[PDB]
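All remarks here apply to the structure that follows.
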Amino acid sequence: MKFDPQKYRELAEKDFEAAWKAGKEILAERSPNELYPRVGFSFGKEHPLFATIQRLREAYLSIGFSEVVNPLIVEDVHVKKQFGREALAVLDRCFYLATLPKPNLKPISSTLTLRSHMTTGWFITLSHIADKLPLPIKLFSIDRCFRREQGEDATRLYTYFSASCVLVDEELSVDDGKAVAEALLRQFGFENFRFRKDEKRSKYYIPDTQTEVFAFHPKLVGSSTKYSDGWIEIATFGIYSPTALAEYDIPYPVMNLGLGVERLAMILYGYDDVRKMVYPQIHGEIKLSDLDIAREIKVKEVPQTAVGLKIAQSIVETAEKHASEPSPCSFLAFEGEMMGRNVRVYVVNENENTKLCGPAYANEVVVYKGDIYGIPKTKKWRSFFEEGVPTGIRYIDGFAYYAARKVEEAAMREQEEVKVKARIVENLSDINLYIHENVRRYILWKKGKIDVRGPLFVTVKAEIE
Amino acid sequence: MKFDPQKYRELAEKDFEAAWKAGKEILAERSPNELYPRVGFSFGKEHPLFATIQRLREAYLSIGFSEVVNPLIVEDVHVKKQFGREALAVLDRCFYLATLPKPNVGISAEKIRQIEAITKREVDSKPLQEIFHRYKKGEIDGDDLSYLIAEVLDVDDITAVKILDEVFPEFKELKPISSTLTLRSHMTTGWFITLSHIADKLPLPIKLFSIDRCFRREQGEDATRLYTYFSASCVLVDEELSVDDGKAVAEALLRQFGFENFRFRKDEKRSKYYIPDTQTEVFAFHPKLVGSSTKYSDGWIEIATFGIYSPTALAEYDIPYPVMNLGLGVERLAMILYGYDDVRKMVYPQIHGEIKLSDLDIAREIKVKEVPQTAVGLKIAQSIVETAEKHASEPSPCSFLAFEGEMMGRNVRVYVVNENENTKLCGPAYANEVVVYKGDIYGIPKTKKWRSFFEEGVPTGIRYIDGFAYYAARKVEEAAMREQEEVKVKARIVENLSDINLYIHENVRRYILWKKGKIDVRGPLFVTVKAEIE
Amino acid sequence: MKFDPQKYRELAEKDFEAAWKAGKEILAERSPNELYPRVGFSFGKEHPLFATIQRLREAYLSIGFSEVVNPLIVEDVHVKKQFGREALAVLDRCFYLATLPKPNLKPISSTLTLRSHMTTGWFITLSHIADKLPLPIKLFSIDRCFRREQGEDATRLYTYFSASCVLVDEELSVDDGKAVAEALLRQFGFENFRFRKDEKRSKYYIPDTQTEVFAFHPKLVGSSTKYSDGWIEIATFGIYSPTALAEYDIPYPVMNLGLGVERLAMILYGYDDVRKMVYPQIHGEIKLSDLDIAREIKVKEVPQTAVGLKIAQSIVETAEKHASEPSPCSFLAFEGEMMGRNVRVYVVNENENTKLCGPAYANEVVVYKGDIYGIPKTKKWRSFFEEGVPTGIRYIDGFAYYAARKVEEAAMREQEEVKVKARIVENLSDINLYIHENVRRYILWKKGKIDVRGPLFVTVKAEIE
RNA sequence: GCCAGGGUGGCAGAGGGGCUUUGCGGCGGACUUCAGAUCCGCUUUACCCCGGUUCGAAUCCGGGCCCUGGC
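Residue numbers (the entry's author numbering), protein chains in the order written: chain B, 1 to 104, 174 to 534; chain A, 1 to 534; chain B', 1 to 104, 174 to 534. A prime marks a further copy of an entry chain.
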């Protein structure tokens, strides 16, 4: 709480030590659900796809290439202008745009298509600058492309990100391509590169320039796949053919290297299935840490009065040392006034030969691997207690609150005697604990279980007058 | 050049000052095209649109929202689910995905095909009535290097393409076929699908954001709208919600971009997917706008919009809780932060010829054509100037000694003179320098009449005599190889850069023209270099 | 609130419109202090110094230079090794490190000094790589330096940040220096550069290489200073002398360009006084937006019961249209049961000839330029209402809550009649409004004022039975 | 959305059924010239897109777009 400088300032000159020790008075007194980790901050988390995209941007910028937004929607005539005759084939893997005619139903296609790869737009862009700006021109762009590859999903998606670039100089060669691929891929952890001529020999690439780049990443050696040797095809590139360049009045050769993001991303953040990486939401991949699930386990009924706390608090203090004495027996826990009149708290076990508290009064709730267990701190369960996140809430701890807050109900009810007992524990409920319905449905969905059980056997009587 | 530590140590330990001055020996003697600005490092620049998007990411992240990738291509059924009846008005402003069907090589064009002479161009090879049939079952793009290179001989596509053109006119009868698939008009269309899968399996509140592309038609014009755009959207999922929660987010978001005051009016559209009376329009005030030419003189501009999804559509996806949705339009925000008036010019500049090259960049591109190739040549010119500088007002004729040394193992002596009389050694334009100012290349002399071109422009540091000098030095150097014995190079008047030995790659030339720039480098240089090589 | 899909899902098929309109039922009902802008998110803000540092890093990286941490604490023998004879002078502007001897008081100096500029550490670093790594070597670093410049503060501080770099190649010249300075400064908005030989001709720089770079920034033209012409000295550089290089076995020339951050930062974020930029906290520069001050203006006593709200709410609805009728007069506002018994709310003015409500019942509280005003939405005050942030809380609005929550006190008090009236308003208090003591001390410190005054003249009687 | 004047080559802007401006600038060449000017040759003979009238349209009529004096 807000204190007074002087007080402590002067109170210090007298006896420092006792002044220091006094400090503890400013610290707040926290109720159950106001304690860690039932309380904590949060923070946004980014998507591996996008993250990688940004990483790609800086990568490209880190090597001279300036950013550009290339045309996305274009007329198929462009694709035709680029692939000479082989263009008919290409237009099959591409989509077209169809609109709905204004009824004064049935969609009407148009010559408009979405670019399959970045290269379709490059020529459009380069046409306006290849002859005006000073050479060498280095441009790059990381945007969306659309492709109808068989029109499936099991293999690939309809929309992907291309991390493309183009180099424009008087003299170029398959070498400049290799050069860029390296500089780019190195910044991502790749260490060794191998280039092999692409067989499909696409017509838009000067015959025999089209290459396929293979890179070595240590993060892949020993991978649960064929990429075990560490290598993978990561990018392709070539030099545009004078044919296509001419279609747009571009006088100089052009080197174009383009890499698929989704793949890099999977490699970078360790995903096996593209779809499960980019669309985790849909493919049920939602996840919460043990710590998070912990924070979600809260007390249901907590003493409202400041007295109730110090009451249930004691209720526990007793059963901690007297959970042995054979019953019938009794121990006074608390004595004081609340709201208006004195009260006494009792803890016993009316049953014959046995123990005051059940063998599970001191079991702690802890989370681990997605499960909410209820277990005694025994060398047996250790691991769970040293790799999971313990709630810090024990059976008694959780019960006592129900008790204390219960006499509180009678206090303002005019009563004079309350019987709050508890035998078995078949869930969190029986222990004055809960979790939001959404986290329940969570654990359920994640096929996780909640083994919160055990014989508590603990009764508490209180009398107000 | 490299030196020796030991040496320099043992010389400095005794006679310091002497070592110091002796340092100059390690520096390099740069030739003309090796001096600033003729040389420079380069760095890449970011595109404003993308830049803004990155900021947006951070901005959202900074306020608790987590990134996500919503579904982009979706079945219009979803729209119909989100707008109830009015769903029609929308789907008309949307694009549908059409695709080319396969050329049915049977039935329709099989009967009237096997009645004539199928193929003639010697190709033979067993009837690929099956390999060409797999084309109706499932093929691709790079499959053209499968039914040719490995079928009827002929590598890759040396004949693969034409055998399809001159033998099968069927391919030129294809037309895209519409479908039920579309391209989201706004991030919202995809939010329902994404939220459907988690709105109840994750802890509340749920804060998700995504900055991705969307598509929409609008009078099919660019000066009225754009075909594709970016939406920096977000959704807030919690039990209790009110437009307040929408305002708060908006503020906390825009506040990271400068805006200092916000106002929220209700949107008259009252869209169906939003609870009635919640679809708010958010207006924010940003300084950069105040006192501007745009319609945002006062500083206020509608920057985003938001509402609370109608429990009607939530059900269409089994979402029990209410959800808040705020959507910022990227391009605009970009335009503001980076000062652009016209969207189109902002994002697609290259196409709209909004290219530019600062003065310094032009200066850097102005090189020196003829440059001495020998360590001797340089000195020759350096001196040719050295003398041409001193003896500048000597009534013609006359002559002066410039350089006397050995070049390629043959003594040489170069001189600077003037043939005519009744004048001075060098023209009144020998001292002019090439400076770049406001996009033009000038050939002016330092004067209180030109100050503005030296304190705002960027001097190349090259003067007529400098450029020329280097030219001559080459000539004399060339003769020292042609084994000649007397070359007298001369330069009268200057019309352009050529008459000075200065040139600029063609593209830069074209750049200047495309920008309506002028190169005014004229003047009477008048100078000759007589060099006797033995 | 959490609704049921089916219900609305089916309820929709019947009559959509009425279903849609029904939606408003899930929206939360917000109390006064739960409304915007009395509620809102927050977010960290970065420091212009650091921000600039980072900008510098990327700048350097953007041009090939790799990062390095150079020695900060070093023996003055190094400075000596570097400045030949002129070193005695240099050691005056530098600090030394002194420790306290272990008493089995009086600090004991040592030969240890903190680097004044980056150059002191460079040689140390370069010595280990200049001959091993492949040329050209490009390194940079942006860290702290210490200097005893006259030992003041009015002119400069004891600690500053250097944005330094070094280039190591076989052939170098004052040109490479200029080149780097440009590439670097351009990325920050500078457009034109001019270099002039530095007079001090420091001995560690090959005689006549030491240069001073001047850059032109449009953001400066028309500045409230001599930097009006747009130019400013931004960085200095040179080529190390063979003398010093030899002291560390470095065989090749070295170009070193170093720029002062604090200055760039001021230029970038528009600060006139260094100290007020980097240490704003100390030099009392704390600031809050009108919007922020707004959020801080809250209601002090708000109706606890759901009834109280709809009560005071009406209390206002009446005085909105009946704040005219001459008094004595009366108007019934609300009639209903709360907690257990019916109640009626009355609003009048027992005084002779006058008006029911004071001429200031409808004045809105709004913030502007750091001041909390209380004014009527009149064409006169417009600006304030269109450039400041209006609370949305009007005199009545704020009072009514006090009223409603007041009958609420009598309701659970057994009473049967409450007189809640209000005449003058000499502050927020008199209007059931407040601001945390820290914001008060704020406005005070910022010499801002709170003109919340005006004749409210409004009484409210309620009777429970 | 609505009255109307109009939508010509790299730039400006005259005319108006087919022949047709002009100036600037540019492209190449010529000069006894010591200063920013001089002369000769030069382009795709230019006038949105779809129809209509016609022997013939950039110049006449309808529709789709673009600037503007305006509602």
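Backbone N, C-alpha and C fix where the C-beta goes; we use that ideal spot for every residue, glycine too.
Asked, Found
"Counting contacts by CB-CB distance shorter than 9 angstroms, is residue 318 of chain A in contact with chain B'?", "yes"
"Measuring alpha carbon to alpha carbon, tell me which residue in A:517, A:54, A:105 and A:352 is nearest residue 132 of chain A.", "A:105"
"I want to verify the contact list: residues of chain B' whose CB lies under 7 angstroms from the CB of residue 311 of chain A, in sequence order.", "3, 8, 23 and 26"
"Closer than 6 angstroms by C-beta to residue 334 of chain B': which residues in its own chain qualify, once you throw out the five before and the five after it? Chain order, please.", "48, 49 and 52"
"Looking only at C-alpha atoms, which of A:135, A:82, A:405 and A:361 sits nearest to residue 36 of chain A?", "A:361"
"Output the distance between the C-alpha atoms of residue 529 of chain B and residue 492 of chain B, rounded to the nearest integer angstrom.", "12 angstroms"
"Inspect the CB distances between the stretch 425 to 436 of chain B and the stretch 451 to 461 of chain B and report whether three or more fall short of 8 angstroms.", "yes"
"With distances taken between CB atoms, is the gap from residue 303 of chain B to residue 250 of chain B smaller than 9 angstroms?", "yes"
"Is the Cβ-Cβ distance between residue 453 of chain A and residue 527 of chain A less than 9 angstroms?", "no"
"Report the partner residues of residue 183 of chain A according to the DSSP bridge assignment.", "A:73 and A:95"
"To the nearest angstrom, how far is the alpha carbon of residue 117 of chain B' from that of residue 176 of chain B'?", "The model of chain B' omits the segment between 104 and 174, and residue 117 of chain B' is among the residues lacking coordinates."
"Could you check whether the stretch 197 to 214 of chain B touches the stretch 224 to 233 of chain B, counting it as contact only if at least three pairs of C-beta atoms, one from each stretch, sit closer than 8 angstroms?", "yes"
"Beta carbon of residue 466 of chain B', beta carbon of residue 385 of chain B': below 9 angstroms?", "yes"
"Taking the alpha-carbon of residue 21 of chain B as reference, which of B:376, B:31, B:32 and B:8 has the nearest alpha-carbon?", "B:8"
"Select from the stretch 498 to 515 of chain A all residues with a C-beta closer than 7 angstroms to any C-beta belonging to chain B, and list them in chain order.", "505, 507, 508, 510, 511 and 514"
"Out of B:516, B:445 and B:313, state which residue places its alpha-carbon closest to the alpha-carbon of residue 428 of chain B.", "B:445"
"Could you round the C-beta distance between residue 544 of chain A and residue 320 of chain A to whole angstroms and report it? I think they count as a contact, below 8 angstroms.", "Because chain A is modelled from 1 through 534, residue 544 of chain A falls outside the range shown and cannot be assessed."
"By the 7 angstroms beta-carbon criterion, what residues does the stretch 59 to 73 of chain B' contribute toward chain B?", "61 and 62"
"Closer than 9 angstroms, CB to CB, is residue 517 of chain A near chain B or not?", "no"
"Just to make sure I have the definition right: I need the residues of chain A whose C-beta is within less than 7 angstroms of the C-beta of residue 35 of chain B'. Which are they?", "244"
"Use the C-beta contact count for residue 483 of chain A: other C-beta atoms within 10 angstroms, 16 or more gives buried, fewer gives exposed.", "exposed"
"Which runs of the beta strand (DSSP E) fall wholly inside the stretch 289 to 376 of chain A and span at least 3 residues, in chain order?", "300 to 308, 323 to 329 and 366 to 368"
"What residues from the stretch 216 to 230 of chain B come within 7 angstroms of chain A, judged by C-beta to C-beta, listed N to C?", "217, 218, 219, 227 and 228"
"When DSSP labels each residue in this structure, what does residue 44 of chain B get in the three-state scheme?", "coil"
"Would you kindly check if the distance between the Cβ of residue 181 of chain A and the Cβ of residue 351 of chain A is under 9 angstroms?", "no"
"Using a Cβ-Cβ cut-off of 9 angstroms, state whether residue 193 of chain B counts as contacting chain A.", "yes"
"Along chain B', which residues have their Cβ under 9 angstroms away from the Cβ of residue 529 of chain A?", "Simply none; closest approach about 27 angstroms."
"Is residue 296 of chain B' close to chain A? Criterion is C-beta to C-beta, closer than 9 angstroms.", "no"
"With DSSP as the reference, please indicate the residues paired to residue 3 of chain B in a beta bridge.", "Bridge partners of residue 3 of chain B: none, in fact."
"Going along chain A, which residues have a C-beta under 7 angstroms from residue 350 of chain B?", "68, 194, 197 and 198"
"Nearest by alpha-carbon distance to residue 424 of chain B: which of B:374, B:397, B:328 and B:208 is it?", "B:397"
"Which of the three DSSP states is assigned to residue 479 of chain A in this structure?", "helix"
"Any idea which residues DSSP pairs residue 266 of chain A with across the strands?", "A:280"
"Go through its chain and collect everything with a Cβ distance to residue 473 of chain B's Cβ below 6 angstroms, but skip five positions before and after it.", "372, 377, 380 and 381"
"With a threshold of 9 angstroms between beta carbons, is residue 359 of chain B in contact with chain A?", "no"
"So is residue 99 of chain B in contact with chain A if we call contact Cβ pairs under 9 angstroms?", "yes"
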